[PDB]
Amino acid sequence: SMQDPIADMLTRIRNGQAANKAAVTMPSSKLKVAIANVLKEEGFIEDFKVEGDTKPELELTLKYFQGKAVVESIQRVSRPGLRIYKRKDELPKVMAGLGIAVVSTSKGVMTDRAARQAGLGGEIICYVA
Amino acid sequence: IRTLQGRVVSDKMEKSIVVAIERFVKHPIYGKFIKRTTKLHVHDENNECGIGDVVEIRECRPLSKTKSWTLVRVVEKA
Amino acid sequence: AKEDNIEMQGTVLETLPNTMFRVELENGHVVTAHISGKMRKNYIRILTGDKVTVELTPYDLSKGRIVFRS
Amino acid sequence: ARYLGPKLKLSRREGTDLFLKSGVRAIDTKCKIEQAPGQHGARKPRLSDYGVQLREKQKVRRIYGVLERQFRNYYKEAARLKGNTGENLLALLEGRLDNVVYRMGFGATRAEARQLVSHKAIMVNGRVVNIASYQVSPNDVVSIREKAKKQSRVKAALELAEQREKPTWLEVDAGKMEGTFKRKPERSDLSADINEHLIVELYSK
Amino acid sequence: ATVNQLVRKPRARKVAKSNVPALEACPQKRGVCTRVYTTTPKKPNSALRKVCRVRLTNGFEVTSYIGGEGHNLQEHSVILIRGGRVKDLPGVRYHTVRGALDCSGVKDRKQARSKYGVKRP
Amino acid sequence: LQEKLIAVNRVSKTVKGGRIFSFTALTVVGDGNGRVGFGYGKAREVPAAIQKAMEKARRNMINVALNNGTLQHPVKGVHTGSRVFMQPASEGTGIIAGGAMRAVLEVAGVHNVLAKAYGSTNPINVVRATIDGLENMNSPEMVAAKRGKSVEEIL
RNA sequence: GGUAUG
RNA sequence: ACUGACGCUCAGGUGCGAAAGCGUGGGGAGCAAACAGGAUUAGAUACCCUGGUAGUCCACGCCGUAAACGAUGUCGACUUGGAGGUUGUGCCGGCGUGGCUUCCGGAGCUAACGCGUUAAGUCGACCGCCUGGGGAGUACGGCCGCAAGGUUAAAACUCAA
RNA sequence: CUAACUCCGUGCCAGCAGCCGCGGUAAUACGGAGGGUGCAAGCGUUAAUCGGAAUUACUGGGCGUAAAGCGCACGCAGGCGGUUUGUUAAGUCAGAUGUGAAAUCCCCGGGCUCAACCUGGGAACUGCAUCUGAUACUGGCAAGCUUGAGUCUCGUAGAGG
Ligand SMILES: C[C@H]1O[C@H](O[C@H]2[C@H](O)[C@@H](O)[C@@H](O)[C@H](O)[C@@H]2O)[C@@H](N)C[C@@H]1NC(=N)C(=O)O
Ligand SMILES: [K+]
Ligand SMILES: [K+]
Ligand SMILES: [K+]
Ligand SMILES: [K+]
Ligand SMILES: [K+]
Ligand SMILES: [K+]
Ligand SMILES: [K+]
Ligand SMILES: [K+]
Ligand SMILES: [K+]
Ligand SMILES: [Mg+2]
Ligand SMILES: [Mg+2]
Ligand SMILES: [Mg+2]
Ligand SMILES: [Mg+2]
Ligand SMILES: [Mg+2]
Ligand SMILES: [Mg+2]
Ligand SMILES: [Mg+2]
Ligand SMILES: [Mg+2]
Ligand SMILES: [Mg+2]
Ligand SMILES: [Mg+2]
Ligand SMILES: [Mg+2]
Ligand SMILES: [Mg+2]
Ligand SMILES: [Mg+2]
Ligand SMILES: [Mg+2]
Ligand SMILES: [Mg+2]
Ligand SMILES: [Mg+2]
Ligand SMILES: [Mg+2]
Ligand SMILES: [Mg+2]
Ligand SMILES: [Mg+2]
Ligand SMILES: [Mg+2]
Ligand SMILES: [Mg+2]
Ligand SMILES: [Mg+2]
Ligand SMILES: [Mg+2]
Ligand SMILES: [Mg+2]
């Protein structure tokens with residue numbers, strides 16, 4: 001059964017990019033939307049929208065640059081089978097700073113850079129080189 | 001002040017209950033968070049608890065071979 | 001610089017696996033002998049019954065190298 | 001504990017003057033510097049990458065007259081010190097009293113220097129120091145002792161140093177027969193023929 | 001292996017056997033020669049290699065190679081054995097130490113003397 | 001261009017007669033400033049094999065976006081059964097690498113790098129893994145460009 | 001119809 | 001239309017499980033281990049021929065194994081196509097839309113062969129299993145079995161594959 | 001491999017050997033010699049541990065054919081769990097306090113002529129406990145929701161038993 005919706009979201013992005021799809025779409029959730037925002041604001045996706053009310057659908061718009069896909073890598077880190085939390089001082093650097101770790105802190109989901117500046121640890125959702 | 005909360009798993013002793021405390025701890029090697037359980041023999045003066053209740057307990061002087069904890073309060077009933 | 005070998009004459013009694021032979025010497029001791037390298041490479045076949053020269057060692061008088069077949 | 005063998009063999013093996021003779025006479029006039037020592041010297045074989053690393057290491061050792069255990073410790077120190085391991089290594093070797101006494105021109109060869117130091121003819125900041133390995137620090141004053149200023153070999157050695165390029169990081173009064181280790185040398189101040197990265201690679205294997 | 005499986009059953013080390021069990025983690029052992037013979041090697045090689053069967057102080061009984069040209073060992077000689085297989089002799093895991101106890105040094109040897117128990121000329 | 005011979009191997013086909021031996025040469029060439037190519041040449045004799053490899057290497061050179069004689073970030077390369085890991089190092093580290101990786105990194109002009117080859121260490125595959133890894137290495141500039149950011153916002 | 005072995 | 005996360009996986013457990021085989025009792029055309037004879041051959045404990053018993057069939061009970069194979073664990077999601085088959089269904093022979101299934105092939109994956117929306121691709125959950133060859137699926141012990149045996153399962157040693 | 005080659009003796013013998021291998025007449029591989037390489041008051045050998053070994057793979061591996069998917073199912077414990085709101089604050093995160101002996105390691109110094117050694121101060125001791133906060137995520141509790149999973153209605157095909 002479906003036991004990791006975030007991993008599903010990341011896989012839709014990874015797979016959508018490899019298929020050169022313009023948009024991908026999925027069942028929405030607060031957290032998926034939270035992650036989409038971080039992706040948008042770091043410029044790994046162009047845009048996103050939640051349409052619908054009873055069964056909301058998240059729709060990410062994917063970015064390409066000189067034909068190639070902008071999201072080179074996107075791996076789930078913390079997962080249901082094995083959760084990963086890091087303190088402020090031991091937050092991961094993805095691609096020596098050139099990528100993001102998306103972190104869930106007590107002040108909401110943000111990049112590892114943002115969590116370092118706030119002085120917050122939290123759950124490592126994913127890497128996005 | 002220093003208390004543990006946990007769940008009664010036996011009441012078949014006079015004035016005594018077994019209480020299972022549940023801890024969630026990161027595995028030293030593999031990093032997975034594992035549920036682990038401590039079972040304490042507890043002192044229950046008035047036999048007020050029964051199996052399934054959630055109880056607050058505090059450490060105290062020895063009271064028997066196996067009891068060094070005493071019931072503070074019953075938090076939830078079965 | 002090597003120590004000297006006793007060359008003794010003898011008769012092959014049985015052929016054993018992998019060019020090993022029982023050989024009764026003149027003195028009457030039955031050594032387990034093996035074919036020389038030179039003979040192996042030059043395809044000199046040894047048989048039951050054959051007359052053979054056996055190089056021996058003082059270190060072990062149960063063993064020898066067949067060096068010549070008559 | 002020291003190499004007491006023929007000096008020019010070492011040069012001939014490395015294929016370079018390691019400055020193991022005074023320099024009163026050119027090295028080609030004393031030995032076939034092109035040709036490696038021994039009966040099979042003439043046939044120049046291709047070295048492996050290990051061989052290249054090795055002969056680099058051995059060049060530096062033989063220059064400075066340091067055996068392998070002491071040399072390896074220099075490497076370990078140079079690696080511990082902050083900055084560039086290879087650079088540090090050459091700085092340490094340059095620090096050695098025997099080297100300094102040579103680079104000041106009190107000894108003809110680094111071995112003569114070593115004998116001066118060993119025989120209690122050298123003072124650092126007024127005190128006698130008979131240890132070739134002694135690390136001279138910035139602003140130290142290396143000097144000949146009163147007793148050994150009347151040694152003909154010291155006079156001769158100073159003449160020979162004038163012929164060589166004078167080190168900048170040292171400053172010698174030839175008349176007083178004393179000198180000042182002003183600073184540690186920079187990599188640039190030492191000879192560029194030494195490829196210290198090979199040595200660091202060698203010790204990382 | 002999933003995490004959960006490793007939590008339940010952790011990764012196990014390969015339990016590494018010694019190649020020299022008779023030594024019982026000693027650098028050498030003393031023994032008495034019960035037999036001193038020769039043996040032919042495995043396929044490609046050809047020789048009569050000098051060996052001895054030796055009973056050690058710890059009761060183990062082993063075969064030990066006798067290296068060098070020529071030896072003085074008999075039955076009942078007291079020798080020191082050390083580790084070291086001989087590739088072409090099945091079941092020979094030990095070498096005899098030349099120039100220790102009853103085993104003599106090799107005569108007239110001038111190179112690798114220390115390996116064959118021979119004093120400097 | 002620097003030029004390095006990594007490996008020479010004698011191969012053979014069988015024929016009615018007996019065996020026809022021939023030679024293979026694996027080489028890398030690079031400018032010492034983040035251009036590097038490899039070539040693999042075959043011939044009946046080694047020098048011709050090497051020459052063919054050098055010719056092929058010269059025409060098949062990639063660009064690698066270096067950063068002051070080291071890598072931009074950690075990289076993983078894979079080819080066939082050869083997995084290679086390379087990370088940036090400090091000045092004076094040197095090339096800490098094994099063999100086929102070293103050649104590629106030398107001639108590309110990587111002065112300081114830590115590297116490790118896992119899996120198969122067949123030179124022909126390790127070289128491909130290494131160069132693969134280098135060719136997919138992102139600089140700060142091209143990351144900023146793809147993400148629609150400036151280099152300062154990235155860094 | 002079994003093509004034992006140069 | 002209804003319930004409202006009631007789900008997925010599953011050590012141990014429980015059951016089902018080709019054929020041969022075993023027990024008791026039926027049945028017995030054809031076929032056929034064993035066996036008898038006839039040949040073939042250097043021999044021919046075979047292949048070939050003539051026969052032929054157990055067995056093959058039934059009932060009940062046991063056994064629990066097979067190249068029990070897709071040599072591919074179960075569940076869920078995602079990711080270009082082409083040609084078929086089969087079974088529903090909607091709409092006007094055509095145009096859709098579901099289920100199962102055969103073949104080819106793209107990206108990708110793979111040591112390669114190949115796999116390729118029924119993945120061996122991209123991911124997530126849980127379980128089972130591997131760690132050089134031989135020794136050995138053997139020994140010992142336990143459990144199961146009327147037995148045949150099955151299951152769990154080593155080591156010494158030897159080889160440099 | 002691995003820095004360093006010749007002659008003579010021997011002739012798959014004697015012997016070498018960590019592995020690959022060498023030795024059967026012109027052996028850079030055995031023994032001696034000359035020459036050379038490496039170490040040096042040591043040098044070799046053996047033993048033993050970690051490394052290289054991503055060869056037990058948490059970091060960091062595999063299972064179609066290389067070793068590896070239970071013959072197949074159901075299913076208890078266990079592991080994992082769609083979506084919204086509230087609440088809780090167990091996990092998690094933050095700050096602080098206590099503690100984490102000294103020695104050792106590391107850093108910056110100081111002393112023995114130097115070094116080893118000795119030594120001042122620091123850092124570290126990745127931990128544990130407590131208190132005070134944060135509340136995104138996970139867990140708990142409460143209430144929901146319908147997209148997972150089911151039930152009902154009508155019908156269809158099928159060597160399912
Ligand atoms: C016909 C024979 O075929 C097979 O033996 C063959 C032998 O007869 C020769 O032709 C060669 O050695 C082949 O290489 C062998 O395979 C072997 N199966 C035995 C057979 N012979 C008989 N069964 C018989 O002669 O009778
Ligand atoms: K350093
Ligand atoms: K041989
Ligand atoms: K269960
Ligand atoms: K019958
Ligand atoms: K191919
Ligand atoms: K084995
Ligand atoms: K048994
Ligand atoms: K793993
Ligand atoms: K919560
Ligand atoms: Mg008590
Ligand atoms: Mg010393
Ligand atoms: Mg049957
Ligand atoms: Mg029956
Ligand atoms: Mg019949
Ligand atoms: Mg018949
Ligand atoms: Mg089976
Ligand atoms: Mg089938
Ligand atoms: Mg199977
Ligand atoms: Mg199931
Ligand atoms: Mg296909
Ligand atoms: Mg595969
Ligand atoms: Mg069995
Ligand atoms: Mg060499
Ligand atoms: Mg000769
Ligand atoms: Mg390991
Ligand atoms: Mg493997
Ligand atoms: Mg097979
Ligand atoms: Mg298999
Ligand atoms: Mg199966
Ligand atoms: Mg949830
Ligand atoms: Mg808390
Ligand atoms: Mg302490
Ligand atoms: Mg909650």
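Below, chains carry the letters A, B, ... as their sequence lines are ordered, and counting in each starts from 1.
D:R127 comes within 4.0 angstrom of nothing in the nucleic acid, heavy atoms only. When heavy atoms are screened at a 4.0 angstrom cut-off, E:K110 is found touching the sugar-phosphate backbone but no base atom. When heavy atoms are screened at a 4.0 angstrom cut-off, C:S36 is found touching the sugar-phosphate backbone but no base atom. Using a 4.0 Å heavy-atom criterion, one finds that A:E123 contacts the bases of the nucleic acid, with or without backbone contacts as well. Using a 4.0 Å heavy-atom distance criterion, F:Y118 is classed as a base contact.
The salt bridge (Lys or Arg N to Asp or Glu O under 4.0 Å) search around D:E77 returns D:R80, not counting sequence neighbours. A search for salt bridge (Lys or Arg N to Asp or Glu O under 4.0 Å) contacts involving D:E14 returns D:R55, D:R62, not counting sequence neighbours. Residues satisfying the ring pair (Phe, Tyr, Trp, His ring centres under 6.0 Å) test with E:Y65, not counting sequence neighbours, are E:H95. Applying the side chain to side chain contact (heavy atoms under 4.5 Å, CB included) criterion to C:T53, with sequence neighbours excluded, gives C:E7, C:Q9, C:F68.
Here the separation of H:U72 from H:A120, taken at their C1' atoms, is 8 Å to the nearest Å. Remark: the separation of the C1' atoms in H:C63 and H:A148 is 9 Å, to the nearest Å. One P atom belongs to H:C109, the other to I:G62, and the distance between them is 14 Å to the nearest Å. One P atom belongs to H:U151, the other to H:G12, and the distance between them is 15 Å to the nearest Å. Spacing of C1' atoms, I:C63 relative to I:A57, comes out at 15 Å, to the nearest Å. Spacing of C1' atoms, I:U130 relative to I:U84, comes out at 37 Å, to the nearest Å.
Base-pair partner of H:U45: not found among the strands shown (Watson-Crick or G-U wobble, both distances under 3.5 Å). Nucleotide I:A124 has no partner under the Watson-Crick or G-U criteria, as no pair reaches both atom distances under 3.5 Å. Remark: I:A134 base-pairs with I:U92. Criterion, Watson-Crick or G-U wobble with two distances under 3.5 Å. Of all nucleotides present, only H:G26 satisfies the Watson-Crick or G-U wobble test against H:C57, with each distance under 3.5 Å. Under the Watson-Crick or G-U wobble criterion, with both distances below 3.5 Å, I:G61 is paired with H:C130. The partner of H:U50 is H:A36, by the rule that a Watson-Crick or G-U pair needs both atom distances under 3.5 Å. Base pairing of H:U74 is made with H:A125, judged by Watson-Crick or G-U wobble geometry with both donor-acceptor distances under 3.5 Å. Nucleotide I:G42 forms a pair with no other nucleotide shown, judged by Watson-Crick or G-U wobble geometry with both contacts under 3.5 Å.
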Pair assignment for RNA chain G - dot-bracket with | for other-strand partners, Watson-Crick or G-U under 3.5 Å: ......
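The local environment of CG in D:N73 is crowded, with over 12 non-hydrogen atoms from other residues, nucleotides or ligands closer than 6.0 Å. When the shell of 6.0 Å around CG of C:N42 is examined, it contains more than 12 heavy atoms from other residues, nucleotides or ligands.
In the interface, the side chain of E:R109 is not paired with the base of I:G32 through any donor and acceptor atom under 3.5 Å apart. With hydrogens and angles ignored, no donor-acceptor pair closer than 3.5 Å exists between the side chain of C:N5 and the base of I:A14.
Judged by the sign of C1'-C2'-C3'-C4', the sugar at H:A36 is north, the angle being positive.
Here E:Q111 is a major-groove residue, having a side-chain heavy atom within less than 5.0 Å of a major-groove base atom and none near the other groove. Of the two grooves, the minor groove is the one A:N15 reaches, taking side-chain heavy atoms under 5.0 Å from the groove's base N or O atoms.
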Heavy-atom protein contacts under 4.0 Å, nucleotides 124-141 of chain H, coded B base, S sugar-phosphate only, - none: BSSBBBBB----------
Footprint string (nucleotides 121-129 of chain I, 5' to 3'): B base within contact, S backbone only, - free, heavy atoms under 4.0 Å: ------S-S
Nucleic acid footprint by protein, nucleotides 108-113 of chain I - heavy-atom cut-off 4.0 Å, B for base, S for sugar-phosphate alone: S----B
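Pairing check for I:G34 against I:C5: the Watson-Crick or wobble criterion is satisfied, both distances under 3.5 Å. Base-pair annotation: H:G15 with I:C72 meets the Watson-Crick or G-U wobble criterion (two N/O distances, each under 3.5 Å). If you check I:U99 against I:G127, you find a Watson-Crick or G-U wobble pair, both contacts below 3.5 Å. Between H:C78 and I:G36, neither a Watson-Crick nor a G-U wobble pair is formed under the 3.5 Å criterion for both distances.
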Give the table of side-chain donor-acceptor pairs shorter than 3.5 Å for residues 11-21 of chain E, with sequence neighbours excluded, one pair per line with atom names and distance.
from	atom 1	to	atom 2	distance (Å)
E:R13	NH1	E:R11	O	3.4
E:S18	OG	E:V20	N	3.1

Tell me which donor-acceptor pairs under 3.5 Å the side chains of residues 114-125 of chain A have, and how far apart each pair is, sequence neighbours excluded?
from	atom 1	to	atom 2	distance (Å)
A:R116	NH1	A:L91	O	3.2
A:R116	NH2	A:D112	OD2	2.5
A:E123	OE2	A:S78	OG	2.8
A:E123	OE2	A:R83	NH1	3.4

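H:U110 atom P lies 10 Å from atom CZ of F:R83, rounded to whole Å.
An OP1 or OP2 oxygen of I:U147 is reached within less than 4.0 angstrom by a side-chain nitrogen or oxygen of A:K55.
For A:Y85, whose side chain is taken as the heavy atoms from C-beta onward, the closest listed nucleotide among I:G15, I:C137, I:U37 is I:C137. For F:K116, whose side chain is taken as the heavy atoms from C-beta onward, the closest listed nucleotide among I:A53, I:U138, I:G36 is I:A53.
Residue pairs that meet the side-chain hydrogen bond (donor to acceptor under 3.5 Å, both in side chains) test with at least one member in residues 20-31 of chain A, sequence neighbours left out, are A:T25-A:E59. Applying the salt bridge (charged side-chain N to carboxylate O under 4.0 Å, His left out) rule to pairs touching residues 83-92 of chain E yields E:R49-E:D88, sequence neighbours excluded.
For I:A53, the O4'-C1' to base torsion is within 90° of 0; the nucleotide is therefore syn.
Looking only at atom types and distance, the side chain of E:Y116 has no donor-acceptor partner in the side chain of E:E69 under 3.5 Å away.
Figure legend: B:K35 and B:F24 shown without cation-pi pairing, the cationic atom not lying both under 6.0 angstrom from the six-membered ring centre and within 45 degrees of its axis.
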